[PDB]
Amino acid sequence: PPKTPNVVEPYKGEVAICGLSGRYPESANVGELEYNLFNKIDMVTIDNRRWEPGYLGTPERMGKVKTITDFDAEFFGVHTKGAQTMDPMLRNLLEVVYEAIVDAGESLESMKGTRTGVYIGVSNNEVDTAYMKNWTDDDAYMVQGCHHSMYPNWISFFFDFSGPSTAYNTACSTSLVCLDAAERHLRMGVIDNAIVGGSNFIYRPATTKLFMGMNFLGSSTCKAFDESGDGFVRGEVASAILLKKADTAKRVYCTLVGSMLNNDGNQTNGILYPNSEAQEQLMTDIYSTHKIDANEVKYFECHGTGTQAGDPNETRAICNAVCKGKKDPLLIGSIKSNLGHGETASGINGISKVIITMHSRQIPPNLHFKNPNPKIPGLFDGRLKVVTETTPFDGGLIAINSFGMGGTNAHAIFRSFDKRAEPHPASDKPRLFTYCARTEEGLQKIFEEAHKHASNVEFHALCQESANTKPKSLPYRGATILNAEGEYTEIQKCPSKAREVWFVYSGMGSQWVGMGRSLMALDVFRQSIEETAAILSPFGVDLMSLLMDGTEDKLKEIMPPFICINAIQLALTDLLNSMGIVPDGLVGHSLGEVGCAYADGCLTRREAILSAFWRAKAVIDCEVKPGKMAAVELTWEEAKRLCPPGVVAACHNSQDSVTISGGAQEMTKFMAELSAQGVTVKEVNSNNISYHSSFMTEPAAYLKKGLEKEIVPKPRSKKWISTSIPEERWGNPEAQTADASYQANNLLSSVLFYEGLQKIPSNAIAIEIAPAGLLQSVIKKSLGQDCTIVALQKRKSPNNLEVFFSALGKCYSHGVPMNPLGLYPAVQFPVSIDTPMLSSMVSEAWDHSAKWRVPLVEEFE
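Structure, rendered in structure tokens:
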């Protein structure tokens, strides 16, 4: 009952921005914003998305997002009634927050329960007026859908954050104020992450008229640093970012050197007048507290609203605080000239640009700068230089200002992260890319983007970090192969309920020429095979030679079959364990029980290989009179009785198929009599041996003598289902340890494969681990129709690596967690700054079939 206090201690490490996502004017994702910025494409357009271009005399041009009527409510657990009475800003912010979380290499399960704080910045509240004009019952949910305080809390509620959730309203500069609050809470030890963000949508044209009444808005776009500047144009943003401690971040766009805030105080020019002295003092304080050399700043994201009285003051402060002592012009710029003014969200816009400028290593150009402002001296003395074209920002510090109305200023400094990517052993060999999404089209787009970056392993690791989300959240599970000779792609909707995974190990007969030759490409498989070969070398067996240069004459003998099949089984088990597949159940045929023991942990590699070697030796050392085995299509009760003395029934494959084994004479005669009656007595090669019969009495004992000194008894887990000792003796001591007694019993007693398969659920995913897919038909007939059956290898296939990857992809698509990247050396985090952004894929991979209510113009009159 007592609660352990949390350790709240000051943090002296680095704070890094990991994820970024958002909706920007004429941009549905960060990628579109970057493309438009770097192509000098104006994001402010003239149309009737919100209101007619000229309604009530408002300015025609405006910055508007693509759509605000879309929301994946079912993902966030919001019923239709709640979603309808929900601000579009909040819905877009939730989607953007999830996209940013995914971008930072995190997932729903990883971010759940963490000490993360939400610092949303929102000021617009026109939705209340729209929805309350014709208020009726069922609209009470507006308390939890429209109230500003719910913008962060919802984010905290869905993601299960347990940190300070707050909504700030500081006009412009709100985003930087929230960033400062997040830094304050991070450095004091209350939280480890932050979800700093903000949004701003336009609904009320009368609000635009009100702003124009105070001369805020101009005629044309925001001509920042231009002599013709006379105002700004309103814009829309729904962006958010994720902050973390640099020692735990898996991706670091940049580092937050420090942020500070202040107020212009009292002045004789009015409350709505920028104070250059206050901004200069703020810059001096921030650059002196952190000991940052002001001459080291490479780019400066200014609050270039384009107003005549604003730009000169800001620039004066910048070249009195930053340009003092600089030996080269300081590159200044502002994103307002590109996508207009974001108002409460304006700050975030700048941050976004910074991240872009800190990710692509290029400074986006500034639009509408034709004639420098004569009132701005720095543009003629060479101290300042507006970036009118793409510039190669190599590295350093970037400073951002978000001066807002009233006088509350905010400044922040970011340091570039220089970890240029280096080649990986992978990125040239086939790889398995597994992911999940809400829609099939989104998953297909994700796979296309992954193929586009098939040569990047850091991107694959970042995608993997959030590729194990439960089906309940992301139902569409898919798998593809990058750098594949043959195209492969599987996508399927997986039910919320989780199915049971059952490893199935096949027995003899799976031998062929080239078994596992292709799989040698993988490092883990080759290492496993080499370890087995080294273990078996002291006994005069060259596993390597048999596996690679072996011929059919090799498999004609008994010893090579056993050795090779078992080695392949151990290698496949090691591969599966490395990928992180935990088998909920284990079953195996004859000679496969050793593989089940090894995979269950009751047996070791050496013990299993030596058990197999002893099994083969017990038959190639003591004389065994010739015999045969056949595949009679009799029932167990039919076959077991039909066989004469000596001939017995060995393995219960399925509901109608039974092995029969006996002496070469007894057999031939009984098989012939059978063939007379309609029965498929299809004989099988056994090197003239009859396993699991009375003949195996002498070898089994010998086997025991061989294995009594090697196999250390160990408990058998409930996962492993014995196929040699019936259920009536499972509780008996003999069925507790897989010692030499178990090996002798399974080599002697009949194999109850059908009884073991009966225990498997009706919808379990059974993976057949063996050199070839033998028991596919038997297993399929055994379990039923609702179970998934996969074979890791195919006989005489031209490329077994592709078959293995396709099998794993299908298994994942049917809802089993796995780690495809576990077959290669782990990627060192944080990833290189060259890794692409994962936010765009999730942004374009949403389920937006339904359309929700949006404020209408007519509701504001």
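So for the sequence shown, the authors' numbering puts the first residue at 16; every next one is plus one.
Note that beta-carbon positions come from the ideal geometry of N, C-alpha and C, so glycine has one too.
Assigned with DSSP and collapsed to three states, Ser42 falls in strand.
In terms of Cα proximity to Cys269, the closest of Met298, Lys434, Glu456, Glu876 is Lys434. Note on geometry: alpha-carbon atoms of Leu346 and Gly244 lie some 20 Å from one another.
Between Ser525 and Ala787, the C-beta spacing is below 8 Å. Across the set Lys81, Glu358, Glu114, the C-alpha of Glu114 shows the shortest separation from the C-alpha of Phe91.
In chain order, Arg621, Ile624 place their CB closer than 6 Å to the CB of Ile550, counting only its own chain and leaving out the 5 sequence neighbours on each side. Within the model, the alpha-carbon separation for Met530 versus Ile583 is close to 8 Å.
Distances from the alpha-carbon of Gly830 to those of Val142, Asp300, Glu505 put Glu505 closest.
DSSP places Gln773 in the uninterrupted alpha helix (DSSP H) bounded by 768-774. The Cβ neighbour count for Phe395, taken over all protein chains shown within 10 Å, is under 16; the residue is labelled exposed. CA-CA distance, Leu271 to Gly160, rounds to 32 Å. Taking one beta carbon from each stretch, the region 181-192 and the region 413-428 have 3 or more pairs nearer than 8 Å; the two touch. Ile775 is a Cβ neighbour of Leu798, given a cutoff of 8 Å.
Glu437 and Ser855 have their C-alpha atoms spaced approximately 24 Å apart.
Going by DSSP, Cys33 is part of the beta strand (DSSP E) stretching over 30-36. Sequence-distant partners of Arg65 (beyond 5 residues in either direction) whose C-beta falls short of 8 Å from its own C-beta, in its chain, are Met77, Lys79, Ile217, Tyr218, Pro220, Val872. DSSP, reduced to helix, strand and coil, places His94 outside both helices and strands of the structure shown, so it counts as coil. At the C-beta level, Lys259 and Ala31 come within 8 Å of one another. Within its own chain, the residues whose Cβ lies closer than 7 Å to the Cβ of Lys55, once the five positions on either side in sequence are excluded, are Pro380, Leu382, listed in chain order. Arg630 sits in a helix when the DSSP states are folded into three classes. In the structure shown, the three-state DSSP call for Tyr183 is strand.
Around the Cβ of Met203, a 10 Å sphere holds fewer than 16 other Cβ atoms; the residue is exposed.
Judged by DSSP secondary structure, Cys269 falls within the beta strand (DSSP E) whose first and last residues are 269-278.
With 16 or more other Cβ atoms inside 10 Å of its own Cβ, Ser352 counts as buried. Per DSSP, reduced to three states, the secondary structure at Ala822 is helical. Per DSSP, reduced to three states, the secondary structure at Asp326 is helical.
In the displayed model, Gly837 falls within a helix according to three-state DSSP. The bridge partners DSSP lists for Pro730 are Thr752. DSSP lists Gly600, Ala781 as the beta-bridge partner residues of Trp517. For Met104, the enclosing alpha helix (DSSP H) begins and ends at 103-118.
Under the criterion of beta carbons closer than 8 Å, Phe432 and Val267 qualify as touching, at roughly 5 Å. Using a Cβ distance threshold of 8 Å, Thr330 and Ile391 count as a contacting pair. In the structure shown, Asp87 falls within a coil segment according to DSSP collapsed to helix, strand and coil. Partner residues in a beta bridge of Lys390, as assigned by DSSP, do not exist.
Every unbroken stretch of the alpha helix (DSSP H) spanning 4 or more residues and falling wholly within the region 203-281 is given here in chain order: 220-228.
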